[PDB]
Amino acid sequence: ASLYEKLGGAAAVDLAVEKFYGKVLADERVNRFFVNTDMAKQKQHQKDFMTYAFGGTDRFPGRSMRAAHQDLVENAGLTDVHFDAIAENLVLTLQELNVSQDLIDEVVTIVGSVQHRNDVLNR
């Protein structure tokens, strides 16, 4: 089932993305990685990150994810503590929205993918 199906429609997806966006924007650990991008791009990223986490991982092939995040790794120090922080903000978002524990458990597992983390962190 897709993100839209799991959250129960477009209104729910919009509210989750907005809340996740707001948490990342305010989090000094990770807000800095979105320098030089506009609001719509940031919201799109947080929607994509959430889509991956809810199981839509085929939409984000590893080779593409390596290339996408290479500049962040080499020239902005992106590493595990930052990946952990954005994942934490997602989980907190879902808890504050009272999303089912079962769905949250799945999200925690999938966002913990070793391979997607290795590809994003270019290692």
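Counting begins at 1, following the sequence as shown.
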Once you work out the mean C-alpha B-factor for both 93-101 and 75-83 from the entry, which is higher?
-> 93-101
Entry-level comparison of average CA B-factors, 108-116 and 10-18, reporting the higher stretch | 108-116
Comparing C-alpha B-factors across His45, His69, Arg29, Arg59 in this entry, the winner is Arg29
Rank-wise, by C-alpha B-factor, drop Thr51 into the lowest, middle or highest third of its chain.
-> lowest
